[PDB]
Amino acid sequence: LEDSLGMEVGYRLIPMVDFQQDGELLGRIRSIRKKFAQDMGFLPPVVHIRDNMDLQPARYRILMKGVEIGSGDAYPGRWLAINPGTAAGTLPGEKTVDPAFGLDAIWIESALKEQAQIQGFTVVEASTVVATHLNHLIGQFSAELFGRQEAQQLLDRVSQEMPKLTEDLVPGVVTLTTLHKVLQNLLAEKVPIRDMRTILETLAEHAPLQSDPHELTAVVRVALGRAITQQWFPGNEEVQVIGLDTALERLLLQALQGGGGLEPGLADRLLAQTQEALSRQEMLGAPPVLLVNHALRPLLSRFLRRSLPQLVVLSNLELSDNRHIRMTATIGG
């Protein structure tokens, strides 16, 4: 057995972690976990911190179930100057790399702080660096961190709000195993699970006749359509998405039923042009959203996100029919 979420730390990062001392990282973690619970819909597990004298004074390792998923530096008396893309010149110091987004970074002394801000850098203290890293890792592994016990804790906490919904569904109609796999499927594709009533209502309707967690994932995502549409396109602005070629769509649809399919070279064209469309979206300031026909969403999501996990494959039945959609990137032959 192992801690589902841990952090080993060298002796200079003990202060920010020690409650008796300043404990500044303690409060940043507590705020990360509560912002995460009200955004993504489940409270991430407590981070068990311990000291490891095998670690260099200023190094830390963020672990999950005993497996290292992160590591980096943090110097208590110094600051991390980050190039957000626009910064100019450089600064004396250790020229490392941002732990979360990989941006270029310099560890400057405290007296060079205003120098960095004038040169366009973003300056943060050491605890802010560890907290940013851990926050980015919790989001990336939110599905893996949502374990079976976390589903039970979520079910208990929710049974107070919707008692008729939870006892008459789990485990008589939907087992904790099936409900956990479904919620995990949503989290793996960055769909929030705040709206447990909609989720549980939906599973209550379909799970009698449909026990496969993947088929139930599709009908729950549709039920969460407004939450999905609003997360990537907040407000009333224009919905800028990747779509694929009309012919390609029908040709992809033929291959799934009778007819088809496409040459394996075109399957690799499909992958390369998705990478081209992806890079075009961030150039346009658009979101990395590929919008396809419902019968193609589960297929393209598994097929593309295997190598392009940053991609978000939404479905036409999930996108709110009241918003204006412009295809701003294509996927052809």
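All residue numbers refer to positions in the sequence shown, first residue = 1. Note that the rigid core is defined as the largest set of C-alphas that superpose within 1.5 Å between two forms.
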Taking C-alpha RMS after core alignment, which stretch differs more from the shown form in 5 other deposited structures of this protein: 57 to 65, or 298 to 306? 298 to 306
Fitting on the core, do the C-alphas of 186 to 194 or of 123 to 131 deviate more in 5 other deposited structures of this protein? 123 to 131
Output the stretch having the higher mean C-alpha B factor in the entry; the candidates are 172 to 180 and 248 to 256. 248 to 256
If you average the CA temperature factors over each stretch, which comes out higher, 90 to 98 or 181 to 189? 90 to 98
Which of these, 46, 53, 300, 67, has its C-alpha atom at the highest B-factor, as the entry lists it? 53
Of the choices 144, 195, 201, 263, which one's C-alpha carries the largest B-factor in the record? 263
Chain thirds by Cα B factor, record data; residue 233 belongs to the lowest
For residue 110, the third of its chain by CA B-factor is the highest
Name the third of the chain's ranked CA B-factors that contains residue 319, choosing lowest, middle or highest. middle
How does residue 212 rank on Cα B-factor within its chain, lowest, middle or highest third? middle
Just say lowest, middle or highest third for the CA B-factor of residue 150 relative to the other modelled residues in its chain. lowest
